[PDB]
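The chain below stands alone and is given in C-alpha cells; this is the form deposited in one PDB entry.
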C-alpha cells in the first residue's frame, strides 16, 4: 500500500517523509508520511495518534486531508495528501511578485473558508500563520498543523515562539488578549488571519520587522498596526484593520471575511484602489 520515497524533514514524534499510496481500486498518488520514533514512550504513542484523531475529524477542501493511519505494524504512520508547493511563507518568499491580486485574494478566500469550517465546530487553532498553511500544485491553500518541527527563523533573539505554561505562543501572530490572559477563541484566530493576510500581500515579509517581541506587544497596546504592504489594495488593508480591532467583539467572523473576499472577487475593479 505505502512506500517511502524521500525524508523531507523531522517532526516532534519522529520523521516526516514524501512517499506513494496505492489505494485498492484508485490511482497512485503522492503522500506525506509521519513516522513514530524507535523507542517511544506510552505518552508519546497516545499524543502522536491523538493528533491524527483531531485531523481525522475534518473534511473540507481548504483543510489538510488525512488519508489513513497505520496502527497494525510498528513503527506506526500518519498518511496525508502531498502539498507540492510546501509551506505558504517560503513559497511566497521564492515567488515574489509572480501572482496577480486576484490569485492572492483567491489564496486568502480558501484559508478563510477553511477557518470558517473550524470555527463552526468550535475549534480554535491557536497557531494560524503562513508557516502552517500548505500549498498544492493548483495553488489551493490548506490550513495545517502537527507538521514539520523546523520552520523559518529570521532572528533567534526574537523567536517565533515564546514558552508559556499552557503552551508555546507566537507573539507576532497572537491577539493581545490571548497573550495577556490566554483568551484563545475564534476571535483571536481572526487576529491571526489578519496577520496571514499581511504575509500574503507582502510575499512573506516578517510581521513587524526589526521590532522585538516585547516591542510588538507594547506597540499593539499603544494602537500601532502594521502598514499596508507595497501596492496592496486599500480594501484588503481595511479588512486586516477589522481583524486587528482591540475590542474582540467587533472583529469580523470567518463567514463575514469569506463574504467580503467574495464581494471583492465579484467587483475586481474595487481592488485597483491602493
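C-alpha atoms forming the largest set that superposes within 1.5 Å between two forms make up the rigid core. Residue numbers count along the first chain shown, from 1.
Only in words, not in the display: the form deposited in another entry, which the text now covers.
Of the candidates 76, 140, 124, 169, the Cα that moves 2 angstroms or more after core superposition between this form and the one not shown belongs to 76 alone. Relative to the superposed rigid core, the position of the CA of residue 37 differs between this form and the one not shown by 2 Å or more. If you fit the rigid core between this form and the one not shown, you'll see the Cα of residue 255 move by less than 2 angstroms.
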